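Q: The structure under discussion is supplied below as structure tokens; questions concerning it will follow.
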Amino acid sequence: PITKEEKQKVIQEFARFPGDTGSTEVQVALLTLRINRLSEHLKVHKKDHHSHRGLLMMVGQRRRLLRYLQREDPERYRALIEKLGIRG
Amino acid sequence: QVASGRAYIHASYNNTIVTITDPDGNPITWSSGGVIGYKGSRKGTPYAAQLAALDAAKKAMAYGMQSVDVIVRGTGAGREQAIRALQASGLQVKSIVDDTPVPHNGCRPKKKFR
Amino acid sequence: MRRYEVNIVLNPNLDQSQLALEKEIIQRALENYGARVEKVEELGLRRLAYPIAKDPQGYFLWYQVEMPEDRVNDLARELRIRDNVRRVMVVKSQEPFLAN
Amino acid sequence: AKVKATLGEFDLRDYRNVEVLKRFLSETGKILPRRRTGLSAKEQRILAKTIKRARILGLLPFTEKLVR
Amino acid sequence: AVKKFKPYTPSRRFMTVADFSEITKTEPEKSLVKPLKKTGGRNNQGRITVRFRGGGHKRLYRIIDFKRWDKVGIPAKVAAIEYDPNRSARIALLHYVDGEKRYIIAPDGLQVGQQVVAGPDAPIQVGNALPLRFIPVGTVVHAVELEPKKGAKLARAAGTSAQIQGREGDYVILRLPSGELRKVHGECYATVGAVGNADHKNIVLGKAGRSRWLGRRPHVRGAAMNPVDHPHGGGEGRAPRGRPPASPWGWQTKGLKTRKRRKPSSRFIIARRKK
RNA sequence: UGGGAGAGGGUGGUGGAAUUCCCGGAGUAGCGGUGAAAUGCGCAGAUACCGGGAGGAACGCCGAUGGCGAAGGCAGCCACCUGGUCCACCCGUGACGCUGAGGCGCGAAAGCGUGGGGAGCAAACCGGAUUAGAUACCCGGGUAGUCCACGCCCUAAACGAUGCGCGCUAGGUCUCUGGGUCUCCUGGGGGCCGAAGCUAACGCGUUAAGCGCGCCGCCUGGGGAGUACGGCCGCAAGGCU
Ligand SMILES: [Mg+2]
Ligand SMILES: [Mg+2]
Ligand SMILES: [Mg+2]
Ligand SMILES: [Mg+2]
Ligand SMILES: [Mg+2]
Ligand SMILES: [Mg+2]
Ligand SMILES: [Mg+2]
Ligand SMILES: [Mg+2]
Ligand SMILES: [Mg+2]
Ligand SMILES: [Mg+2]
Ligand SMILES: [Mg+2]
Ligand SMILES: [Mg+2]
Ligand SMILES: [Mg+2]
Ligand SMILES: [Mg+2]
Ligand SMILES: [Mg+2]
Ligand SMILES: [Mg+2]
Ligand SMILES: [Mg+2]
Ligand SMILES: [Mg+2]
Ligand SMILES: [Mg+2]
Ligand SMILES: [Mg+2]
Ligand SMILES: [Mg+2]
Ligand SMILES: [Mg+2]
Ligand SMILES: [Mg+2]
Ligand SMILES: [Mg+2]
Ligand SMILES: [Mg+2]
Ligand SMILES: [Mg+2]
Ligand SMILES: [Mg+2]
Ligand SMILES: [Mg+2]
Ligand SMILES: [Mg+2]
Ligand SMILES: [Mg+2]
Ligand SMILES: [Mg+2]
Ligand SMILES: [Mg+2]
Ligand SMILES: [Mg+2]
Ligand SMILES: [Mg+2]
Ligand SMILES: [Mg+2]
Ligand SMILES: [Mg+2]
Ligand SMILES: [Mg+2]
Ligand SMILES: [Mg+2]
Ligand SMILES: [Mg+2]
Ligand SMILES: [Mg+2]
Ligand SMILES: [Mg+2]
Ligand SMILES: [Mg+2]
Ligand SMILES: [Mg+2]
Ligand SMILES: [Mg+2]
Ligand SMILES: [Mg+2]
Ligand SMILES: [Mg+2]
Ligand SMILES: [Mg+2]
Ligand SMILES: [Mg+2]
Ligand SMILES: [Mg+2]
Ligand SMILES: [Mg+2]
Ligand SMILES: [Mg+2]
Ligand SMILES: [Mg+2]
Ligand SMILES: [Mg+2]
Ligand SMILES: [Mg+2]
Ligand SMILES: [Mg+2]
Ligand SMILES: [Mg+2]
Ligand SMILES: [Mg+2]
Ligand SMILES: [Mg+2]
Ligand SMILES: [Mg+2]
Ligand SMILES: [Mg+2]
Ligand SMILES: [Mg+2]
Ligand SMILES: [Mg+2]
Ligand SMILES: [Mg+2]
Ligand SMILES: [Mg+2]
Ligand SMILES: [Mg+2]
Ligand SMILES: [Mg+2]
Ligand SMILES: [Mg+2]
Ligand SMILES: [Mg+2]
Ligand SMILES: [Mg+2]
Ligand SMILES: [Mg+2]
Ligand SMILES: [Mg+2]
Ligand SMILES: [Mg+2]
Ligand SMILES: [Mg+2]
Ligand SMILES: [Mg+2]
Ligand SMILES: [Mg+2]
Ligand SMILES: [Mg+2]
């Protein structure tokens, strides 16, 4: 799966500031990691629909968030997603 | 001719079989309900196993049999009484064991077991 | 990686040379599939509750190791290959659970 | 005559502890419940799986003949 | 997989082709090809002995290694996968380390560039050759010699594979693609895995000429002939078969066993084909 | 951050018991089946026994008033991939939230297409019996189908006949899994009886059917009828409205 380490590197590389956690930008990047690894996961096990549910709720979250960020800090809405290539 | 051997009791709702085997397991003689002259549910009776088990033993010892280990399979109302006369027959009945078969949820049974 | 308990059961009849030779295969195959040993516990022949390979006995090994999680399966598939290898059970090593 | 008392410390996961594990299988090789083993929920469950694994390695039986 | 077309002509609405995707090199190995002498069914007398052939596309025969014990212990690399219009399977382009090249048919699962080898001490892995006394019982195999050194004879078409059932004396037991159980010999090589192109049978020619490109002409019905021609022939208007359905040579064609009775191969055959 | 339990879902390996058939040894006058019988199988050697082999399917005890899942549903063992969820610490973002016509995805069984597979069982079917009759209930056979892969099909007593989220309103006993200080206290689920209250009654009652707020779906006598017409979906049977 994802490694605590791999999780940290992201965390740090998106934290608003040193001891940053649980912030929009990071809160999206984690999901983005889980998502991108479910999709890359599901591209084989095409039958495991069960898992495919949370994958939606995941993106549901991230889509819920992003729009919040969209609502509040625009410039920050782009830059981010652009750093993750997320808009389809 | 053999002195020690075996005895299997196939006990079923509809009948009861008594077959006696050599130590290796090769049958030497056998008997069940109808052999004593019964036809039908009357076969599914203990007293049948008696004559059945008895008539099988009687014929068995005639070949020299004197000892046999016992083996019972099934859930028949003629089962135990069969185990009886065998002991009260003329054989040493060296042991009793229930090797009744039972799956572990394998093949489906007929409609009348559900 | 991950640490498991390689549980292997081998033909009880083989001679010593017939014996460890399979192990060498195991040892190598182990090594080849990125296996790093730790403990070990070769318990010799032993009584079984029921005949494997229609053979009542069975000579067991036992390896705690730590290999790449993404390479365990191809192993046992490599170990079960031996006509003398007869049981092969890998188990994710786990903290003991005690009673009383 | 519950069994858990009959023993002290012992690994529910020592799936090779035949002499111990084989203690919970009635003389017909079956697994024994909880009104008979004194084990609890989480406990009980952690057993069988332990037993089973061995019952696959060739240690414990899947079943046994019965003697009277 | 298999490729379908759209109903953009009446014959495509159904036709299907292979996808080849397992194809790597589109040109045979000159030194391994040679002329295939077409026949039209006819023989060394000009008389047709195999009704309804002729006119198929021209082909160039790929010499094949049905021995592979020809080079024991000389590993090689699967250089390329090619297509042989002379059989349903796919051929593998083997570059041995000697330098010599030669063709085999592609077991299912090969990959360009992977290595293979033949010999008793050879690894059991999709693409290697061994005798039969040395292959694991239960492994699916193919390219099986029917007898020692007489060349591969069994499991040579698409998806074809024979599985090893048990061993007896100097022989071993295989399950042929025809469900039959036969004693083969242990010293007869095989090749682990199954043959490739298993998607073959799912193919729909779609139109009539596509059976001509394959050199197989039209096949007429005895019902459409006349009594001078076929047993079923003649009769005003249409008509049933008026007799045990027979071949144009007289004999029956609905369940008449013709495998020679006193044939020795019997002693080594166990279970006649199934279904 | 740190943990925990679990038939949650998916792929690949795999373990033993039993049924069916094949082969071998031994053995004799019946086996099987029923409320009783008969068809049927058996001197061409069956039934019951021993031994070996092949194949498919479902996983005995554990197991349970249990567990997980949004639902249908999920149960031998192993590993890998992955989801949801709970508890603690009270670390970060600082209302970012609930609902959700449309849309989309999932969806037990049967059924459909293609290619496998096929032991047991088993619609139609044949046979034997019960009957006034027995196109049935019981018995002997037996084809699809039940199994795998990829596609559809999208319905049901798909039930808690109870939409989802939040807040407020005595408790008692049992059980699952957590945390503590371990007598006991606290979180989250699963049942039971019951405070007040509701309810046409039977009943529910911190898992409300109680007092409330928000949002969706829905009802408007019975039958005709979930039928006709049109439209959409579908290979078809048929589905939705
Ligand atoms: Mg989530
Ligand atoms: Mg967005
Ligand atoms: Mg009877
Ligand atoms: Mg092996
Ligand atoms: Mg341990
Ligand atoms: Mg096209
Ligand atoms: Mg197309
Ligand atoms: Mg056209
Ligand atoms: Mg057309
Ligand atoms: Mg087409
Ligand atoms: Mg193509
Ligand atoms: Mg190709
Ligand atoms: Mg392809
Ligand atoms: Mg050319
Ligand atoms: Mg030339
Ligand atoms: Mg030629
Ligand atoms: Mg020629
Ligand atoms: Mg000539
Ligand atoms: Mg001439
Ligand atoms: Mg001439
Ligand atoms: Mg000619
Ligand atoms: Mg001809
Ligand atoms: Mg011709
Ligand atoms: Mg041609
Ligand atoms: Mg082709
Ligand atoms: Mg075709
Ligand atoms: Mg033709
Ligand atoms: Mg014709
Ligand atoms: Mg004519
Ligand atoms: Mg003429
Ligand atoms: Mg004629
Ligand atoms: Mg005619
Ligand atoms: Mg006419
Ligand atoms: Mg006529
Ligand atoms: Mg006629
Ligand atoms: Mg021959
Ligand atoms: Mg059949
Ligand atoms: Mg026989
Ligand atoms: Mg047998
Ligand atoms: Mg139960
Ligand atoms: Mg329940
Ligand atoms: Mg704070
Ligand atoms: Mg602040
Ligand atoms: Mg919602
Ligand atoms: Mg469905
Ligand atoms: Mg289904
Ligand atoms: Mg069809
Ligand atoms: Mg059709
Ligand atoms: Mg079919
Ligand atoms: Mg059938
Ligand atoms: Mg029936
Ligand atoms: Mg009538
Ligand atoms: Mg009648
Ligand atoms: Mg009838
Ligand atoms: Mg039947
Ligand atoms: Mg069909
Ligand atoms: Mg039909
Ligand atoms: Mg079906
Ligand atoms: Mg089907
Ligand atoms: Mg719907
Ligand atoms: Mg219910
Ligand atoms: Mg509920
Ligand atoms: Mg309803
Ligand atoms: Mg309401
Ligand atoms: Mg606790
Ligand atoms: Mg509670
Ligand atoms: Mg109550
Ligand atoms: Mg009251
Ligand atoms: Mg009210
Ligand atoms: Mg609740
Ligand atoms: Mg709603
Ligand atoms: Mg009206
Ligand atoms: Mg109305
Ligand atoms: Mg309807
Ligand atoms: Mg209409
Ligand atoms: Mg309708």
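Residues are named by chain letter and number: chains run A, B, ... in the order of the structure tokens, numbers start at 1 in each chain, and ligands are numbered from 1 in the order shown.
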Neighbours of ligand 30 at 12 Å or closer, counting only C-alpha atoms (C1' of nucleotides) and all ligand atoms: which residues, as a PyMOL selection string?
A: chain E and resi 225-230
Q: With N, CA, C and O atoms retained, could you export that selection as a PDB file, in the first residue's frame?
A:
```pdb
ATOM      1  N   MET E 225     -26.384 -33.990 -55.809  1.00  0.00           N
ATOM      2  CA  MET E 225     -25.795 -34.765 -56.891  1.00  0.00           C
ATOM      3  C   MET E 225     -26.886 -35.599 -57.564  1.00  0.00           C
ATOM      4  O   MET E 225     -28.074 -35.267 -57.499  1.00  0.00           O
ATOM      5  N   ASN E 226     -26.495 -36.684 -58.217  1.00  0.00           N
ATOM      6  CA  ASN E 226     -27.399 -37.645 -58.823  1.00  0.00           C
ATOM      7  C   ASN E 226     -26.930 -39.045 -58.466  1.00  0.00           C
ATOM      8  O   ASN E 226     -25.785 -39.234 -58.043  1.00  0.00           O
ATOM      9  N   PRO E 227     -27.794 -40.050 -58.619  1.00  0.00           N
ATOM     10  CA  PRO E 227     -27.418 -41.412 -58.201  1.00  0.00           C
ATOM     11  C   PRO E 227     -26.113 -41.898 -58.804  1.00  0.00           C
ATOM     12  O   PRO E 227     -25.394 -42.672 -58.160  1.00  0.00           O
ATOM     13  N   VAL E 228     -25.783 -41.469 -60.024  1.00  0.00           N
ATOM     14  CA  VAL E 228     -24.499 -41.843 -60.607  1.00  0.00           C
ATOM     15  C   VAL E 228     -23.356 -41.257 -59.793  1.00  0.00           C
ATOM     16  O   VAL E 228     -22.246 -41.805 -59.775  1.00  0.00           O
ATOM     17  N   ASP E 229     -23.605 -40.143 -59.106  1.00  0.00           N
ATOM     18  CA  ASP E 229     -22.570 -39.435 -58.362  1.00  0.00           C
ATOM     19  C   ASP E 229     -22.540 -39.858 -56.896  1.00  0.00           C
ATOM     20  O   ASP E 229     -21.521 -40.354 -56.404  1.00  0.00           O
ATOM     21  N   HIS E 230     -23.652 -39.673 -56.194  1.00  0.00           N
ATOM     22  CA  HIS E 230     -23.699 -39.828 -54.751  1.00  0.00           C
ATOM     23  C   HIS E 230     -24.820 -40.780 -54.368  1.00  0.00           C
ATOM     24  O   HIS E 230     -25.835 -40.864 -55.065  1.00  0.00           O
TER      25      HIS E 230
END
```
Q: Residues of chain D in alpha helix (DSSP H) according to DSSP, as an NGL selection string?
A: :D and (18-21 or 41-57)
Q: Keeping C-alpha atoms for every residue in the selection just given, could you write it to a file as a compact mmCIF listing (two decimals), in the first residue's frame?
A:
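What ended up in again-v4.txt:
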```txt
# COMPACT_ATOMS: atom_id res chain seq x y z
CA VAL D 18 -0.09 -29.62 18.56
CA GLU D 19 0.19 -31.10 22.05
CA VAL D 20 -1.68 -28.03 23.32
CA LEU D 21 -3.89 -27.32 20.30
CA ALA D 41 -15.30 -14.62 21.78
CA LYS D 42 -12.17 -12.99 20.33
CA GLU D 43 -10.18 -15.82 21.94
CA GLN D 44 -12.21 -18.74 20.54
CA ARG D 45 -12.00 -17.29 17.03
CA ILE D 46 -8.24 -16.78 17.22
CA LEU D 47 -7.99 -20.52 17.97
CA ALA D 48 -9.55 -22.60 15.14
CA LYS D 49 -7.65 -20.58 12.52
CA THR D 50 -4.59 -21.61 14.51
CA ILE D 51 -5.84 -25.22 14.69
CA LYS D 52 -6.99 -25.18 11.06
CA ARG D 53 -3.61 -24.07 9.70
CA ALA D 54 -2.02 -27.01 11.50
CA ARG D 55 -4.90 -29.29 10.44
CA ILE D 56 -3.66 -28.36 6.98
CA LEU D 57 0.07 -28.84 7.73
```
Q: Could you write out as a PyMOL selection string the residues of chain C within 12 Å of chain A, counting only C-alpha atoms?
A: chain C and resi 1+69-70
Q: Within 8 Å of chain C, which residues belong to chain D? Use only C-alpha atoms and report them as a CSV table (one decimal) with N, CA and C atoms, in the first residue's frame.
A:
```csv
chain,number,residue,atom,x,y,z
D,4,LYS,N,-9.5,-24.2,29.5
D,4,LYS,CA,-8.6,-23.0,29.6
D,4,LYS,C,-8.0,-23.0,31.0
D,5,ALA,N,-8.7,-23.4,32.0
D,5,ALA,CA,-8.1,-23.6,33.3
D,5,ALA,C,-7.0,-24.6,33.3
D,7,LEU,N,-4.8,-25.2,31.5
D,7,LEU,CA,-3.5,-24.7,31.0
D,7,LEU,C,-3.4,-23.2,31.5
D,8,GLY,N,-2.1,-22.8,31.4
D,8,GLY,CA,-1.8,-21.4,31.7
D,8,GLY,C,-1.5,-20.5,30.5
D,9,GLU,N,-0.3,-20.0,30.4
D,9,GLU,CA,0.0,-19.1,29.3
D,9,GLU,C,0.3,-20.0,28.1
D,10,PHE,N,0.0,-19.4,26.9
D,10,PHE,CA,0.1,-20.3,25.7
D,10,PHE,C,-0.4,-19.5,24.5
D,11,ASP,N,0.3,-19.6,23.4
D,11,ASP,CA,0.0,-18.7,22.3
D,11,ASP,C,-1.2,-19.2,21.5
D,12,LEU,N,-2.2,-18.4,21.4
D,12,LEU,CA,-3.4,-18.7,20.5
D,12,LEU,C,-2.9,-18.8,19.1
D,13,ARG,N,-1.8,-18.3,18.7
D,13,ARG,CA,-1.3,-18.2,17.4
D,13,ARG,C,-0.1,-19.2,17.1
D,14,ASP,N,0.3,-20.0,18.2
D,14,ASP,CA,1.3,-21.0,17.9
D,14,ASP,C,0.7,-22.2,17.2
D,57,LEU,N,-1.3,-28.4,7.8
D,57,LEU,CA,0.1,-28.8,7.7
D,57,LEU,C,0.3,-30.3,7.9
D,58,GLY,N,-0.7,-31.1,8.4
D,58,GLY,CA,-0.6,-32.5,8.6
D,58,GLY,C,-0.5,-32.8,10.1
D,59,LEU,N,-0.8,-31.9,11.0
D,59,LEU,CA,-0.5,-32.1,12.4
D,59,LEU,C,-1.8,-32.7,13.1
D,60,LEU,N,-2.9,-31.9,13.1
D,60,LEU,CA,-4.1,-32.3,13.7
D,60,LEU,C,-5.0,-33.0,12.6
D,61,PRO,N,-6.0,-33.8,13.0
D,61,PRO,CA,-6.9,-34.4,12.1
D,61,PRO,C,-8.1,-33.5,11.7
```
Q: Write down, as a PDB file with C-alpha atoms (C1' of nucleotides), in the first residue's frame, each residue of chain F that has any atom within 9 Å of an atom of chain E, counting only C-alpha atoms (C1' of nucleotides).
A:
```pdb
ATOM      1  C1'   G F  53      -7.142 -43.063 -10.081  1.00  0.00           C
ATOM      2  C1'   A F  54     -10.240 -38.910 -12.554  1.00  0.00           C
ATOM      3  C1'   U F 114     -20.116 -16.415 -26.598  1.00  0.00           C
ATOM      4  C1'   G F 115     -16.390 -20.257 -25.020  1.00  0.00           C
TER       5        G F 115
END
```
Q: Skipping near chain neighbours, those fewer than 5 positions away, what residues fall within 8 Å of residue A:24 using only C-alpha atoms (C1' of nucleotides), listed as number ranges by chain?
A: A: 65-66, 69; F: 93
Q: Take the selection from the previous step and output its residues with N, CA and C atoms (P, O5', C5', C4', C3', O3' and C1' of nucleotides), as a PDB file, in the first residue's frame.
A:
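Here's the written file part_26.pdb:
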```
ATOM      1  N   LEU A  65     -14.138  19.649  -1.176  1.00  0.00           N
ATOM      2  CA  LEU A  65     -13.090  20.558  -0.732  1.00  0.00           C
ATOM      3  C   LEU A  65     -12.801  21.591  -1.813  1.00  0.00           C
ATOM      4  N   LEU A  66     -12.057  21.168  -2.836  1.00  0.00           N
ATOM      5  CA  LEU A  66     -11.643  21.988  -3.971  1.00  0.00           C
ATOM      6  C   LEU A  66     -12.590  23.149  -4.248  1.00  0.00           C
ATOM      7  N   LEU A  69     -12.134  25.584  -1.561  1.00  0.00           N
ATOM      8  CA  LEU A  69     -10.949  26.332  -1.961  1.00  0.00           C
ATOM      9  C   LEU A  69     -11.251  27.225  -3.158  1.00  0.00           C
TER      10      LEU A  69
ATOM     11  P     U F  93      -4.700  25.557  11.923  1.00  0.00           P
ATOM     12  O5'   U F  93      -5.521  25.071  10.648  1.00  0.00           O
ATOM     13  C5'   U F  93      -4.929  25.060   9.358  1.00  0.00           C
ATOM     14  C4'   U F  93      -5.951  24.763   8.292  1.00  0.00           C
ATOM     15  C3'   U F  93      -7.231  25.584   8.361  1.00  0.00           C
ATOM     16  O3'   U F  93      -7.098  26.851   7.740  1.00  0.00           O
ATOM     17  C1'   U F  93      -7.769  23.293   8.105  1.00  0.00           C
TER      18        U F  93
END
```
